[PDB]
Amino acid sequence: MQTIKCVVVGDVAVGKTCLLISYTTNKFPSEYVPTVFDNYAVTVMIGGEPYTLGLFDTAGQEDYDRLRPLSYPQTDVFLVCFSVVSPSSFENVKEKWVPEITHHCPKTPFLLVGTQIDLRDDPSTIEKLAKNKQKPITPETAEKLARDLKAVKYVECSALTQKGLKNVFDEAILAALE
């Protein structure tokens, strides 16, 4: 019937799988297992009619760079994820992920998704970043990159606390349907 295919990409350990499992099942994964590929599906009512939202979970690992794009055909919307407390992941949105998805799927919309926002005001995390003179990514900085890369929208969330989490998918859904 009606379907939306959403593919989620981004650096290793930015939180793609936690985002998906937390959203689709309201549980938080209890151990980190690197993803190769996983495929989830839920139903969402949109103006009172059911859509199947297919969520494709992909490897952040570079060794899956040649296999990953085999999952891309007929994608309706991408989530390009970076952790707001990992500057390297944010740089790779520009240097790796948006170039990759737009090469394969030039007409397909994507959202820039900042993850792990609960750690933005976490003293231990800030301390850890400050060791290497790093700083978290601010919303203003992310919005600027989203505009420059022609993302539909920048959204952010915490899979752990679920703050912003439903809104991420609401915006992905609307982007797929616009």
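In this text, residue numbers run from 1 along the sequence as written.
### Mean C-alpha B-factor comparison - 44 to 52 and 143 to 151, higher one
The recorded data point to 44 to 52.
### Query
According to the deposited model, is the average Cα temperature factor higher in 10 to 18 or in 163 to 171?
Taking the mean B-factor of the alpha carbons in each, 163 to 171 is higher.
### Query
In this PDB entry, which of 109, 114, 60, 136 has the top CA B-factor?
Top of the list by C-alpha B-factor: 60.
### Query
residue 119: which third of its chain by C-alpha temperature factor?
It belongs to the lowest third of the chain when residues are ordered by C-alpha B-factor.
### Query
Considering only modelled residues of the same chain, in which third does the CA B-factor of residue 89 rank: lowest, middle or highest?
According to the entry, residue 89 has a C-alpha B-factor in the chain's lowest third.
### Query
Would the CA B-factor of residue 74 place it in the lowest, middle or highest third of its chain?
It belongs to the highest third of the chain when residues are ordered by C-alpha B-factor.
### Task
Would you mind checking where the Cα B-factor of residue 101 ranks among the modelled residues of its chain, as the lowest, middle or highest third?
It falls in the middle third of the chain.
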